[PDB]
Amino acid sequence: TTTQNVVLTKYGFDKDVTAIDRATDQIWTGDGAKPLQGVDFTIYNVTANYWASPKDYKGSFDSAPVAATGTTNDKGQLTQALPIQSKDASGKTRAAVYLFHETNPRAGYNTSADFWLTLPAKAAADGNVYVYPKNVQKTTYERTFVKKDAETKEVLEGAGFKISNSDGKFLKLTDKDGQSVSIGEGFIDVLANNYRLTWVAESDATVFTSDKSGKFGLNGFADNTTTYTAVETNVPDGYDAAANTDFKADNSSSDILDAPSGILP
């Protein structure tokens, strides 16, 4: 009838740093790493799969009941009480086995490998069981643009843009769950906000808007080889639209000029 608290902590390290494994009885603060928030896990009860044939068990959670779901908090943690005993396929009580399956990694990180364990596990001094799945940071790319008045060369606020790809689809940012978000002016930190880049019809696209510094753009691009196009869709009054701007997510910044509209006598 008793349970054990499993505490899962998700730490991100620098791209060239591979953290050493920590046992379940070690409370580890992650020295040198950032706790990763918003990472989704499903915990499967694989007791029946495992006990069907222990020596053959290799992490299948096919037909396994969901024991729990969770999402890491600001400390990169989720905690779940799990029954230490559970039934096998025939209804016989066994030591429980649980499989942790990451379903939604944080933007900018690779997904971690499935892992499983039998309960009761060796617990720390506080009675909790600590697990630390490894999340390898991936390289992502960004792009910055600066809107300027072509005549004065001064930065220009409030020009709205959409971004399209070679398929003629347009960029829409969503939250980690695919839901719409309200995107403001300036450079959008997809990585810090755990957003997602999606490609949709033009009318559903996200509008990026130059801020007080003329800046807009975003990070979180998957590569630096794909060509996109920035298309000015909201031109400040008194200006002519810029020509479309082809670009790659190459971490650069570049200017986009708006020519003042001419007025003839």
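Numbering starts at 1 and runs along the sequence shown.
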request  = Please work out which of 134 to 142 and 73 to 81 has the higher mean CA B-factor as recorded in the PDB entry.
outcome  = 134 to 142
task = Pick between 230 to 238 and 214 to 222: the one whose mean CA B-factor in the entry is higher.
result = 230 to 238
message = Among the choices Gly32, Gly38, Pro54, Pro35, identify the one whose CA B-factor in the record is greatest.
response = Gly32
inquiry  = Quiz for you: based on the deposited Cα B-factor, which of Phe161, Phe170, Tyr98, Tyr195 is highest?
reply    = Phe170
key: Among modelled residues of the same chain, the CA temperature factor third for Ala64   = middle
key: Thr93, C-alpha B-factor rank within chain (lowest, middle or highest third)   = lowest
query = In terms of the CA temperature factor given in the entry, to which third of its chain does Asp14 belong: lowest, middle or highest?
reply = highest
note = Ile43: CA temperature factor from the record, placed by chain third, in the lowest
Lowest, middle or highest third - CA B-factor, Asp177 = highest
